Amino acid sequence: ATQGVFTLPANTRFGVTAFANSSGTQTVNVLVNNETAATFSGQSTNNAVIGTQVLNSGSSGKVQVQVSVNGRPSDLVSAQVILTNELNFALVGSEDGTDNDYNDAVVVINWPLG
């Protein structure tokens, strides 16, 4: 199944934050309406924040997260969780190698803001 694609409400500010837990440098691409809107690049094995940014979901509300390591797309897992019908988390994990901890790049999208 497709992973890392989320339908957000339209024209809504959302936060996107990425953490690294891998030997390889992580490149995190965030697309709004199929256009790249933010790129994070960093390396860490201590869950360091390699990027955090506020974006607008625009008129489509389609947000897609992609992760690339060693020039190879990482395998992704994702889901969306909603608390008390108001607070939204779109979550991505990604695996760049063989150990399947799926934490190599971890991406958290949360909304609403403000």
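Only the largest set of C-alpha atoms that superpose within 1.5 Å between the two forms is called the rigid core. For every residue, the number given is its place in the sequence shown, counted from 1.
Two stretches, 70-78 and 26-34, are weighed by how far their CA atoms sit from the shown form in 9 other deposited structures of this protein after rigid core superposition; the farther one is 70-78.
Two stretches are in play, 75-83 and 27-35, and the higher mean C-alpha B-factor belongs to 27-35.
As recorded in the PDB entry, 45-53 is the stretch of 45-53 and 85-93 with the greater mean C-alpha temperature factor. Sort the modelled residues of the chain by CA B factor and residue 98 lands in the middle third. Residue-level temperature factors show residue 20 in the middle third of its chain, judged at the C-alpha atom. Per-chain ranking of the deposited C-alpha B factor places residue 60 in the highest third.
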